[PDB]
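So this first bit is one chain, no partners, the form deposited in one PDB entry, shown in structure tokens.
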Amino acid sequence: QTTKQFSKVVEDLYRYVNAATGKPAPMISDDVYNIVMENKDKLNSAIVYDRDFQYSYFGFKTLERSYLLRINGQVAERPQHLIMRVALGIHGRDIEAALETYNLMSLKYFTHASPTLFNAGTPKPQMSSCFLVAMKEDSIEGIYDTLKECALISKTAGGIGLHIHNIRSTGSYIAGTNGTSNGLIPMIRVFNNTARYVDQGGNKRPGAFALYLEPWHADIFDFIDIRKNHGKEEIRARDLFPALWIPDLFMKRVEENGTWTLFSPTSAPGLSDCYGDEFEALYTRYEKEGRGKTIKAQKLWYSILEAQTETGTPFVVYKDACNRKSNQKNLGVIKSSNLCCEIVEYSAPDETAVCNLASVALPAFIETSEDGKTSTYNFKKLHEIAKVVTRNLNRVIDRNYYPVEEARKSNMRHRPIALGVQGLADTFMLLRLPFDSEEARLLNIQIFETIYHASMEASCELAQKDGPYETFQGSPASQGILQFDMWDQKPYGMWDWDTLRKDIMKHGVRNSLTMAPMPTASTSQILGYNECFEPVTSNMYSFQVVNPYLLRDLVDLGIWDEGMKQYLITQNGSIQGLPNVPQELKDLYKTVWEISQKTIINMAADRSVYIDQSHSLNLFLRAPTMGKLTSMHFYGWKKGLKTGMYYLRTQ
């Protein structure tokens, strides 16, 4: 019920015409069509259609539902065809690299983020997932230009993070009239409205932008409350996500139980265009000068926590930790993260930051291969594959179709890239390692060091062929200061950092950033592994499937029965305090709510030194409480995390 020969499938796709309209609607690009036809034999015979049986029933139905291209609502592309198309879309004329990417992706070593999977090798190749946008100016012209931009971006795949620190707060003065300003909320309501009007890619799910405000902005209280399902209606913005861009001085005032001061950006200019001490200097001076409204820090705090407890938002991202520890610091002051709090990239009115994403599948490197029946981890294959994905994401930068000029400007200047991971929890389980074990802690550090090292090396090789990126000179990287150096730490040492730093100083790197582990929400589901780097949330998930690693074990112990089936549904996928189940299994299959959030922050802190950018650290709290949240926020803060919190997931 789908044509088999690949080039025949391309033919159809490429020759498509929309019957309702009589318009030719080719779904393959010219340049990719040509490549395919010019190499039809090599390409056709390289595919291995058994590999379609690598996908779980749920894995495949995800692919089927919205990934594999359709001709008149009918799926016309086999999973292998999707992959082959992707590999071509990325690799163009370089058939060898294409062919390499094909095998590895089909073998499920890694995958590319959804935009790539959707649009690679199609005429409008928009393979980018992230856009961080700057509010252009505190004017009606600036506001509507940015609005126009978000709409144009939203037309295609990819989420937006938008920062709005420069917008005049409620009641602020306006030259030329006696009218006074209305603040962020009415304006937020405009963005929200545009988010709902512009389809993403052309389908069901709404626009969703994330909004970045620094907690001193005079409209903060309402801003943080944007997602509440009560109060009024016209004070909310229920399709957007508030994200706090928090400076240390705030955390400090909260801790010391002191005061916080709210400014309108026009009474207190420059607050967001600096960080660390210069910021505190400037902020304290403005406070002295009575340009704002002072209140007790802990009153803002307490509000911030109420919102997180109810909505899981705002997210928290530490402005200082982000700017102090960015390889982009030479470009200027970074003003926001993105929609999923993983990207940390400079943006300006004329530079909208972009990022391409792929995820290495960590389980694929477990080989129970030595002799007996221990497993090891093949960190050599991890390095190799990590290098390939680096090269891929880099190719994507050039072949990408940018939705707006400020995106193309930004990407061609700095070439940031984003690697991350899926199936950490799987690797751990397969390796008989409890998520909170000293062994798992070692493995985390190790996996991440090796990806960072790999991608930095592969990027170094690139710089050697195509020159460093335009803005390499002046970077921490160009001075020998890599990610972990900015954490005042020594790398674990599994790889040779001296030689790499040596080369990097000599030849540069092609990419300003490389690592930003992301949520993997849908691309982990295709491959059949757990979300990114978080532990399982349940052993039962939901049409209800028992954890295959758990299940396997329950059988070998001849204890899997009806009570064991139904207990898992009762106890929502938890095996703790369950009568006939060994301590080994109990430790290994703790749900995420059963692991200390201190351990999570620890391992997050551990891998963070090999992360160029940030990672989407979700927090999970079972029995939620002000004080409990407070110690999780501050704990992470002091660890020097960038993304202190993505969602607060609860119940």
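If you superpose the two forms and keep the largest set of C-alpha atoms that fall within 1.5 Å, you have the rigid core. From 1 onward, residues are counted along the sequence shown.
Missing here is the form solved in complex with a partner chain; even so, the following discussion is about that form.
- Proximity of residue 597 to the partner chain in the deposited complex: non-hydrogen atoms within 4.5 Å are present.
- Taking the partner from elsewhere, residue 298 is found to have a heavy atom lying within 4.5 Å of the partner chain in the deposited complex.
- In the deposited complex, the partner chain sits beyond 4.5 Å of every heavy atom of residue 585.
- Taking non-hydrogen atoms only, residue 626 approaches the partner chain to within 4.5 angstroms in the deposited complex.
- Among the residues 302, 541, 567, 221, the one placing a heavy atom within 4.5 Å of the partner chain in the deposited complex is 302.
- Out of the listed residues 466, 255, 439, 100, 255 is the one that sits within 4.5 Å of the partner chain in the deposited complex by at least one heavy atom.
- Heavy atoms within 4.5 Å of the partner chain in the deposited complex are found in one stretch of 89 to 97, 247 to 255, 559 to 567, 332 to 340, which is 247 to 255.
- The residue among 289, 350, 371, 96 whose Cα moves by 2 angstroms or more between the shown form and the other one, once the core is superposed, is 371.
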